Every structure is written in structure tokens, then in C-alpha cells.
Amino acid sequence: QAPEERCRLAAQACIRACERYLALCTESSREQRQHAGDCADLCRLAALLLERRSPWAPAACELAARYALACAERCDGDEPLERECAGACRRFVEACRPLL
Amino acid sequence: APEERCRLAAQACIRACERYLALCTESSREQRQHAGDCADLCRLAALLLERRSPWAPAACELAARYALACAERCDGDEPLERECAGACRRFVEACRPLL
């Protein structure tokens, strides 16, 4: 229930949706796959520092949130694999607010 | 290529930090946090450099700033302490051309 945990949980969700997206979406472009792929790895970093309750986690969360919304913008779509990703990214960005 | 040089230095920094937090026996809690976080930061940067991502520089700037912080607190006279800081600063300087 703690803000770090809620943010870590959201990061995990962003990771799944992102990896599923670039793995399953057959209509994605290079640009979109680069956005979803980098967003997955960035959220990985954030979740890892959130878990260890690192004093540097917020700095990593800021960067991840910055590109997570950029991914939500480029990957959003009406298709399930597209909205799940974009949504998870939005939710993660939202969870970072209290930690900044 | 400057990216390859930077990724290569990031890889070495990851190696150094890990050997430190795993083998050093004099490290404090804060030094372990610094070394571990620096390892993860350089990891993320290495991944973006591998795929030649346009977001690699932003990630390198973040790893660099904390990599040098890890070198400032972890440096020592023991081989693993000195290699950790040297590897960190080497990664940083290799980031310059990308930042």
C-alpha cells in the first residue's frame, strides 16, 4: 500500500504490457517497438531501485516516467495490445507523482 | 564508434561494481547501495547502447552522474575498491561524447 510499492507494482505492469506489445503486435513500427522496448527496460530499472528503497529511485522514476508517457503517446491505439500498453504506461507515470 | 566505447566501459563498470559488493568485506551499507545502484544504472544504459536507442544518451547522463558518485564513496586502497572507482570514472568519461 506504500507509495514505493504501488509504483513498483505499476512498473511491473508497464513491463508486461510493453513486452507483450512489441512481441505480439503485428502492426507496430520500428519507432513504436523502440519506445515499448526501452520503456520496459526503464521500468525494470525503476522497479529494481523502488524495491531496494534506494535514495536514488526517484531520479530513476523521473526518467522512466518521462519516456513511459512518450511510449503511451506513440503506442496508444484502439487495439487491446495497444491500449493495454499505453494504459499501463499512463498508470505507471501516475504512480510516480507522489515520489517526486 | 563512441557508443561502442561507452557500452564497453559500462560493461566493465558493471563488472567492477558487482565484484566489489560481492567480494569486498569492508563495504558499508551506503557503499553497497551506491555500487549496486550504479551497476543497475549502467546495465540499463548498456541495453540502450546495444540497441543503439535514441534514448541512450538520456540514460547515460543518469548513470554517469551516479557512477561518479559511486566512485567518490567507494574508492579505496584495496584492489576491488580502486577498480570500482576507476571503472566508474572510466565509464563517465566515455559518456562525455554522448551526453
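In the text below, chain A, chain B and the rest are named by the order of the sequence lines, each starting its count at 1. Hydrogens, waters and symmetry mates play no part in the numbers below; they use all other heavy atoms, side chains included.
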Hey, does [Y] have a side-chain heavy atom less than 4.5 Å from the side chain of [X]?
X       : Y       : value
B:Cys88 : B:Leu68 : no
A:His35 : A:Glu31 : yes
A:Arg91 : A:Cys14 : no
A:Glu4  : A:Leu99 : yes
A:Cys43 : A:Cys18 : no
A:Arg52 : B:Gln33 : no
B:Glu83 : B:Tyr20 : no
A:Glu62 : A:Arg66 : no

Is the number of heavy atoms from other residues, nucleotides or ligands within 6.0 Å of [atom1] ([X]) greater than 12?
X       : atom1 : answer
A:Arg33 : CZ    : yes
B:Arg73 : CZ    : no
A:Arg6  : CZ    : yes

Run the side-chain contact (heavy atoms from CB on, under 4.5 Å) test on B:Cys60 and B:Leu99 for me, step by step, so that the C-alpha distance in whole Å, both residues' side-chain angles and the decisive distance to 0.1 Å come before the verdict. CA-CA 7 Å; B:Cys60 290; B:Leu99 313 183; 3.7 Å; yes
So, taking the atom named [atom1] in [X] and the one named [atom2] in [Y], what distance separates them when rounded to the nearest 0.5 Å?
X       : Y       : atom1 : atom2 : value
A:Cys39 : A:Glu19 : SG    : CD    : 10.5 Å
B:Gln11 : B:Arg43 : CD    : CZ    : 8.5 Å
B:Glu81 : B:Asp75 : CD    : CG    : 8.0 Å
A:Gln1  : A:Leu9  : CD    : CG    : 10.5 Å
B:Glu3  : B:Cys95 : CD    : SG    : 11.0 Å
A:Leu48 : A:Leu50 : CG    : CG    : 9.5 Å

Is there a side-chain contact (heavy atoms from CB on, under 4.5 Å) between B:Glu78 and B:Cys24 once you walk through the steps? CA-CA 9 Å; B:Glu78 299 192 304; B:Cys24 184; 3.9 Å; yes
Using side-chain contact (heavy atoms from CB on, under 4.5 Å), reason through B:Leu21 and B:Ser27 one step at a time and then give a plain yes or no. CA-CA 7 Å; B:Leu21 57 79; B:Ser27 71; over 6 Å; no
Would you please classify the geometry between the B:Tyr66 ring and the A:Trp56 ring as parallel, tilted or perpendicular, with 30° and 60° separating the classes? parallel
How close do A:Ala17 and A:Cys85 get, heavy atom to heavy atom, and via which atoms? CB-CA, 3.6 Å
What is the minimum heavy-atom distance between B:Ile14 and B:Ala46, and which atoms define it? CD1-CB, 4.5 Å
Evaluate B:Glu72 against B:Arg89 for salt bridge (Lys or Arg N to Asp or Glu O under 4.0 Å), listing each step before the verdict. CA-CA 9 Å; B:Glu72 294 183 358; B:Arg89 294 192 234 268; 5.5 Å; no
Going by an N to O cut-off under 4.0 Å, is there a salt bridge joining B:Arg96 and B:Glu93? no
From CA spacing to verdict: side-chain contact (heavy atoms from CB on, under 4.5 Å), A:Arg83, A:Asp78: CA-CA 6 Å; A:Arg83 65 178 292 264; A:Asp78 303 80; over 6 Å; no
Determine whether A:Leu42 and A:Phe92 fall in the same hydrophobic cluster, where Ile, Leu, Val, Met, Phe, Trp and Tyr are linked whenever their side-chain heavy atoms lie under 4.5 Å apart. no
Would a hydrophobic clustering, with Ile, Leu, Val, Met, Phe, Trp and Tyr connected at side-chain separations under 4.5 Å, put A:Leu45 with B:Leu48? yes
Any donor-acceptor N/O pair, B:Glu4 side chain to B:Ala1 backbone, under 3.5 Å: no
